[PDB]
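As a starting point, one isolated chain is supplied in C-alpha cells, in the form solved without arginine (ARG).
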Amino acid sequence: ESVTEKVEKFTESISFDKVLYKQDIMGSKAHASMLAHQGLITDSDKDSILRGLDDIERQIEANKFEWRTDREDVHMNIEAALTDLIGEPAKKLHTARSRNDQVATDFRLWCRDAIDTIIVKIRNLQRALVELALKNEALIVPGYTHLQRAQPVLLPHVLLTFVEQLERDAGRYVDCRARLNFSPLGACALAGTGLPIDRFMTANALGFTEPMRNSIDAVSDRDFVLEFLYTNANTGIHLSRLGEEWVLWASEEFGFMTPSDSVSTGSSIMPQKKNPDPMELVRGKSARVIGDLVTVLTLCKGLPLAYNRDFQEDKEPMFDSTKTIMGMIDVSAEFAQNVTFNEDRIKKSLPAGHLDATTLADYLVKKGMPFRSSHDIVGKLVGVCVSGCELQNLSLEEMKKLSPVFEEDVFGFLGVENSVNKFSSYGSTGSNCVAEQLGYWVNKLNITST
C-alpha cells in the first residue's frame, strides 16, 4: 500500500535476475583481481573478496542463500551478503565500476554460456535425427509441395532437411557468440574512468576477445540480446515445421508414424487414438520465442542514449526464449527416439497419385524427346491411369499407342522404388546421393556404432 512499497515491487528484478549469479560472481572476481593488480585495492582486500564470493557461490549452489527483494537485484543481493561476510573491503568492489557496465558484462557472459549449451543440444538433436534416418534408411514416403504428392523421397532425405536447418541455426549461434564476446567492463556509468584500471586484463580473465572500444556503446548496447533472440526464433520456426510435419505424420490420414506411449496422450474409450502432444507443444512454443524477440526490439526502438531503466525489461524475454528453445530442442530429440514408422501403412499409401511420373518424363527426355512433349505424353498416360491404377502395370502395347519411343526398358523407370533409385543429381533423394549425405553427417557429428 505504501508508494515506496508499490515502486519497490514494480522495480525489483531479483525474482528473475538471480539466475545471473554465477556470471555476476565471475565478473566481480575478475574486477577485484584487476583492482589489486592496478594498486586500487590491496592484495588482502582481493583475497577476502575472492574467498567471500566463492563462499556465497557455494551457499547459492546448496540452496542455502536467501534472495531478498529489499536488496533489489542479483548484484546488490550478492554484494550486501559479501559485506555481511567480510566487512568494509567488500565496499571497495564498486571502485571504478557501475551497475551499468556490470550488468552488461554479466548478461553477455550468461548469453555466451547459454549459447554454448544450446549448440550441444542442437548437435544432440541432429544426432537423433541422423540415427533415426540410418535405422529407417530404406523407407520411402511421398514428398509434398502444396501438401500435394509431388515425388517419392527417402525418409532419411526428409530427416536430413531438418539436420541442415539446424546446421544453419548452429552457424547463427556461433556467429552471434563471437560478436557478443567483447567486454563492456570498465565503461563505468557511460564515460569510462580516470582511475588506472586495465580493461584488457578483465577482458582476458573473462574470456572476451577484447574490450569494447566505446564506453557509451558498452553500457547502451543490447544487440547481443536481439541477435540471440532472433537466432532462437529461427531455430524455433524450424522446430515448428518439424512439429507440423510430425503431427501430420501421426494422423490416421497420413498414418506414417506411431509415437510411443511415453511421448503421447490417449483415451481409454478410443484406445487407438494417440495424440502427439509434445510436438504440438513444440509447434506452439515457437510463438512465445517470436514474441520474446518482438519485446526486446520494441523496447530498444527509439530509446535515447546511454543507459535507461527500460533495459531492465530485456532479461525476462531472453531467459524465456532460451529456456523455451532448449526445451523444444530436447523434446524434439526425445520424440525422434520414441517413434516408429508404420511400414505397411506407408507402403499401402504410396501407389496413390503416380509419384513415378517425373521419372517416366526423365526417361523420355533421356531418349531424346523435348521436355514439353515428354510431360504431355506422361500426363496422357497418367490419364489412362485414374483410379489404385499404377503406371508400371500398364502394358508396353498400351504405351506404344501414345509414342513409339517407349521400349521394354521403361519398366526399370516405373514404380516408386525404381523412381527413387533413378534420382541422381547432387542433393537429390537418390539412394546413393542420400548415402553420401548420411556419410557426411555421421563424420561431422562423430556418430559411432556402439
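So that there is no doubt, residue numbering starts at 1 and follows the sequence shown.
Form deposited with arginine (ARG) bound: not shown, discussed below.
Residue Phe311 is the only one of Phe162, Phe311, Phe182, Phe341 with a heavy atom lying within 4.5 Å of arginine (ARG) in the entry with it bound. Only one of the listed residues (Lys285, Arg177, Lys121, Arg99) places a non-hydrogen atom within 4.5 angstroms of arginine (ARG) in the entry with it bound, and that residue is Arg99.
Residues within 4.5 angstroms of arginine (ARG) in the entry with it bound, judged by any non-hydrogen atom, belong to 99-107 and to none of the other stretches in 80-88, 99-107, 240-248, 349-357. The closest non-hydrogen atom of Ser13 lies within 4.5 Å of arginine (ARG) in the entry with it bound. The shortest heavy atom separation between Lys315 and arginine (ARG) in the entry with it bound is within 4.5 Å. Proximity of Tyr307 to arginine (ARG) in the entry with it bound falls within the 4.5 Å heavy atom cutoff.
Taking the partner from the other structure, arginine (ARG) in the entry with it bound has no heavy atom within 4.5 Å of any heavy atom of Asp169.
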